[PDB]
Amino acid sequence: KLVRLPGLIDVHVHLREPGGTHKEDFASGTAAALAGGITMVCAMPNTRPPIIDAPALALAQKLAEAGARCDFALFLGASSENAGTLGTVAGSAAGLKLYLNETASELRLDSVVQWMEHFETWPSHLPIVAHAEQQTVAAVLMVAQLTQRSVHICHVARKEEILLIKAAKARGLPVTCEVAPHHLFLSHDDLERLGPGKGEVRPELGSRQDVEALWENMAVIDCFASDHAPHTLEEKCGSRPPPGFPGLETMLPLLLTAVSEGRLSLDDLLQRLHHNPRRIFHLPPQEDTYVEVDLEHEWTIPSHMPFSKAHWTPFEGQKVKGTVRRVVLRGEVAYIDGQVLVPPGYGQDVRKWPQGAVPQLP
């Protein structure tokens, strides 16, 4: 007996197109999404060129419309040069992404004043998400308060960070957050197996105490999101390993395993992969869209999942229970048992749907 889930939403994926298409492209990354039970993705702007301007957004929109197999929204990225310039296109994006720690010269911000300027100029009704680790979480929360608006913290990975966010929520501050599966299911204990290259990720893997703190504070976590960050094995194992793990194909099986073990409920999962992504990002419903999962099937994660061009996974060897059997997207069979059945270009930009605009005062 299968369980029918709604179309799940991953608000944090790196699909690498334009400019990194040996790692992933819209077609391969959205195949990976569908195979993971994900019907809508929000794609990050650290591509080449980075999505930091209207022309780059226009290019990425067309590449996504032509290549995506599931529905999507595209983030804009904050730069040291673009505050006050994005107003015309801001509503067409998933939101604005701030990279507040290590990143590419183009998304690097030199000063908290630049964070301020983005919070002051980006339309106040539209989402802002931040890569903000350790004290940076507190710093960006201060900027959000000074500018009297909300912020969403990406991939919370540490006891320190979840407890800070917990304290902020207890004070009534408008902050939400997400957690990625590697920070719930991997830790320092796995670095020996992974090695120092494969194990490179930002935020880094936490201690067992970090992992246990995230589980104990599940009530504080608004969303799960993969931070699908594909790189090839050659890159991960080479001289200057880039940080990041592929994760679209493994996120739901890992979480279903936890549900079957009673570590969280089905509802907890659906708040975090459906309802809360919708409401934080004002993402529209997908008509006639659902995911059928088999909760009894036990399997072991292999050395690579079928669809991501990363062609490796840090979860290799973990035993999971639960698997995606079928995905229907807007009335068409999109995935069955290891085969994607919608072509590149089937997916659509949800921000162009009438129901997909973020409401605002006139």
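Numbering starts at 1 and follows the sequence shown.
Mean CA B-factor: is it higher for 312 to 320 or for 34 to 42? The recorded data point to 312 to 320.
Determine, for stretches 239 to 247 and 209 to 217, which one has the higher mean CA B-factor as deposited. Between 239 to 247 and 209 to 217, it is 239 to 247.
Can you tell me which of 340, 9, 15, 350 has the maximum CA B-factor listed in the PDB entry? Answer for 340, 9, 15, 350: 340, with the highest C-alpha B-factor.
For the CA B factor values reported in this entry, which option in 261, 133, 267, 178 has the top one? Largest recorded C-alpha B-factor: 261.
Classify residue 174 as lowest, middle or highest third according to the C-alpha B-factor given in the PDB entry, relative to its own chain. Its C-alpha B-factor belongs to the lowest third of this chain's values.
Assigned third (lowest, middle, highest) for the C-alpha B factor of residue 271: Its C-alpha B-factor belongs to the lowest third of this chain's values.
Could you place residue 104 in the lowest, middle or highest third of its chain by Cα temperature factor, using the values in the record? Highest third - that is where residue 104 ends up once the chain's C-alpha B-factors are sorted.
Residue 204, C-alpha B-factor rank within chain (lowest, middle or highest third): Answer is middle: the recorded C-alpha B-factor places it there.
Using the B-factors in the PDB entry, rank residue 193's C-alpha atom against the chain and give the third, lowest, middle or highest. Highest third - that is where residue 193 ends up once the chain's C-alpha B-factors are sorted.
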